[PDB]
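Q: Sharing a structure with you now.
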Amino acid sequence: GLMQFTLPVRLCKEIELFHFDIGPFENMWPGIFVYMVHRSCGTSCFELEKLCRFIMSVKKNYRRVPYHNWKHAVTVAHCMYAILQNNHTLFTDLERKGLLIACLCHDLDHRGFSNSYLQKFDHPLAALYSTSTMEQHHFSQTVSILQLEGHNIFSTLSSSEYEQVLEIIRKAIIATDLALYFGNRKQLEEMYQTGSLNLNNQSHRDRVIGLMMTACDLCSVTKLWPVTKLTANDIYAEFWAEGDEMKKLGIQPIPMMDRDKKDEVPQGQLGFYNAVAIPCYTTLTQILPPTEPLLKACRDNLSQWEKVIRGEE
Ligand SMILES: Cc1ccc(Nc2cncnc2)c(C(=O)Nc2ccn(C(C)C)n2)n1
Ligand SMILES: [Mg+2]
Ligand SMILES: [Zn+2]
């Protein structure tokens, strides 16, 4: 009850900033996550014994893949922490509780393959979930862990409150399907420009939370250039392996996933920042103005990619 979590001075200061990197020490990440939950939601919201057991089971169900791993989980959760800390008056206690958990669990059991690969392969998960295949599996995995003996971190909540927090987690995890982002951001853009956006309408809150999930999920493009540059090799390692599997199915992969087109990467990153990342952080800054450092850092990395093409690095 009086066992607060503390971080070394550099980490304690740096953790508040959007561009924070959690470092290479796996053992520190559960403590970093707990420190974030206590400052975001309170020392009281979770029973520490049940929380630690939940974290370790979540860790155990992340696989050893180059990008969609346990490190990504904590990175996404930190980004959500930074947003919640800079907009603390906007969210309910249940939302703060639910979103940090949703971020930690959003890629549970990811094997490094896209929904299209699962569909082309004819994987059993594609039969069970027609759309947002992986995302429905990720939420399904989250519910499984919560039902383990001594793992229910929402045990003190009422039946209706528990149903609400689980529904926030479900919608938030489903929102990490990038195919859904395009529509969501288009709809949110119009609501903001026509002044019809109201954060008291629950369906509008859902859409805003969905945008924050995409923003946190892509936050690797909003770090300092050395971090972003190195994390890009990790995502391409997954892309190229998926393309290799596409070729085994007798399908020519898209240039992005073809390891024989490694030279086309800087041009592909420009297309990504222009079509996906910049529009995402732009709309998010309009709806949540303290989230501007994300767009700032994203624009910086776009410029860095332009320098790469121009032979300046
Ligand atoms: C979903 C996702 C999350 C992160 C990503 N990149 C990343 C992460 N961390 C550091 N640097 C970069 C990417 C990504 O580059 N995807 C790409 C590449 C090409 N395209 C087309 C144009 C659509 N999309 N996608
Ligand atoms: Mg995902
Ligand atoms: Zn993710």
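Each chain in the structure tokens gets a letter, A, B, ..., in the order shown, and its residues are numbered from 1; ligands are numbered from 1 in order too.
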Kindly provide, as a PDB file with N, CA and C atoms, in the first residue's frame, all nucleotide and amino acid residues lying within 7 Å of ligand 3, counting only C-alpha atoms and all ligand atoms.
A:
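Saved to out38.pdb:
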ATOM      1  N   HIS A  68       7.083  -7.194 -33.590  1.00  0.00           N
ATOM      2  CA  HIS A  68       5.839  -7.333 -32.813  1.00  0.00           C
ATOM      3  C   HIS A  68       6.020  -8.146 -31.555  1.00  0.00           C
ATOM      4  N   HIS A  72       7.858  -3.905 -27.991  1.00  0.00           N
ATOM      5  CA  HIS A  72       6.874  -3.111 -28.709  1.00  0.00           C
ATOM      6  C   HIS A  72       5.700  -2.862 -27.773  1.00  0.00           C
ATOM      7  N   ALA A  73       5.203  -3.889 -27.127  1.00  0.00           N
ATOM      8  CA  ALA A  73       4.127  -3.774 -26.154  1.00  0.00           C
ATOM      9  C   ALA A  73       4.354  -2.652 -25.118  1.00  0.00           C
ATOM     10  N   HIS A 106      -2.143  -5.507 -26.883  1.00  0.00           N
ATOM     11  CA  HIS A 106      -2.613  -5.307 -28.247  1.00  0.00           C
ATOM     12  C   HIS A 106      -1.992  -6.213 -29.307  1.00  0.00           C
ATOM     13  N   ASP A 107      -0.794  -6.765 -29.127  1.00  0.00           N
ATOM     14  CA  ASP A 107      -0.228  -7.684 -30.133  1.00  0.00           C
ATOM     15  C   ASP A 107       0.051  -9.083 -29.539  1.00  0.00           C
ATOM     16  N   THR A 176      -6.317  -1.228 -33.546  1.00  0.00           N
ATOM     17  CA  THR A 176      -4.928  -1.351 -34.015  1.00  0.00           C
ATOM     18  C   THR A 176      -4.835  -2.060 -35.377  1.00  0.00           C
ATOM     19  N   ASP A 217       0.554   2.868 -31.442  1.00  0.00           N
ATOM     20  CA  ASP A 217       1.020   1.726 -32.209  1.00  0.00           C
ATOM     21  C   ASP A 217       2.089   2.114 -33.216  1.00  0.00           C
TER      22      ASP A 217
END
Q: Hey, what's within 12 Å of residue A:186 if we count only C-alpha atoms and toss same-chain stuff fewer than 2 positions away? As a list in words, please?
A: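 Here the answer would be residues 180, 181, 182, 183, 184, 188, 189, 190, 191, 192, 193, 207, 208, 211, 276, 279, 280, 282, 283 and 284 of chain A.
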Q: List the spatial neighbours of residue A:262 as a list in words - criterion: any atom at most 12 Å away, only C-alpha atoms, same-chain residues fewer than 3 positions off excluded.
A: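 Selected residues are residues 233, 236, 237, 239, 240, 255, 256, 257, 258, 259, 265, 266, 267, 268 and 269 of chain A.
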Q: Would you mind listing the residues within 12 Å of ligand 2, counting only C-alpha atoms and all ligand atoms, as a VMD selection string?
A: chain A and resid 67 to 69 72 to 73 76 102 to 115 132 to 139 172 to 181 213 to 218
Q: Taking 6 positions as the minimum chain separation for residues in the same chain, which residues sit within 10 Å of residue A:21 when counting only C-alpha atoms? Answer as a PyMOL selection string.
A: chain A and resi 11+14-15+71+74-75+78+220+223-224+227
Q: Point out the residue among A:306, A:264, A:47, A:149 with the least atom-to-atom distance to ligand 1, counting only C-alpha atoms and all ligand atoms.
A: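 Under the stated criterion, the closest residue is A:264.
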Q: Rounded to one decimal, what separation in Å do you get between atom 13 (C, counted along the ligand's line) of ligand 1 and atom CA of residue A:272?
A: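 Atom CA of residue A:272 lies at a distance of 6.9 Å from atom 13 (C, counted along the ligand's line) of ligand 1.
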Q: Between A:2, A:148, A:118, A:235, which residue has the minimum interatomic distance to residue A:131, considering only C-alpha atoms?
A: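 For residue A:131, the nearest of the candidates is A:118.
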Q: Please identify the alpha helix (DSSP H) residues within stretch 100-205 of chain A (assignment by DSSP from backbone atoms) and present them as a PyMOL selection string.
A: chain A and resi 100-105+115-121+124-128+133-146+159-175+178-193+202-205
Q: Can you list, as a tab-separated table (two decimals) with N, CA, C and O atoms, in the first residue's frame, every protein, DNA or RNA residue that comes within 8 Å of stretch 6-9 of chain A when you count only C-alpha atoms, leaving out same-chain residues fewer than 4 positions away?
A:
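So out03.tsv came out as:
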chain	number	residue	atom	x	y	z
A	13	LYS	N	13.04	11.41	-15.38
A	13	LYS	CA	12.79	12.62	-16.15
A	13	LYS	C	12.33	12.31	-17.60
A	13	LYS	O	11.30	12.81	-18.06
A	32	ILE	N	8.92	-0.44	-15.21
A	32	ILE	CA	8.59	0.79	-15.95
A	32	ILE	C	7.08	0.86	-16.17
A	32	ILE	O	6.45	1.88	-15.90
A	35	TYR	N	5.29	1.58	-12.78
A	35	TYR	CA	5.51	2.99	-12.44
A	35	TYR	C	4.55	3.87	-13.25
A	35	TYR	O	3.96	4.80	-12.68
Q: Give the answer as one residue: which of A:28, A:165, A:302, A:308 has the shortest atom-to-atom distance to ligand 1, using only C-alpha atoms and all ligand atoms?
A: A:302
Q: What is the atom CA of residue A:97 to atom CA of residue A:58 distance in Å?
A: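 Separating atom CA of residue A:97 from atom CA of residue A:58 is a distance of 16.1 Å.
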Q: For residue A:46, list every protein, DNA or RNA residue within 8 Å, evaluated using only C-alpha atoms, and leave out those in the same chain fewer than 4 positions away; present the list as a ChimeraX atom specification.
A: /A:50-51,153-154
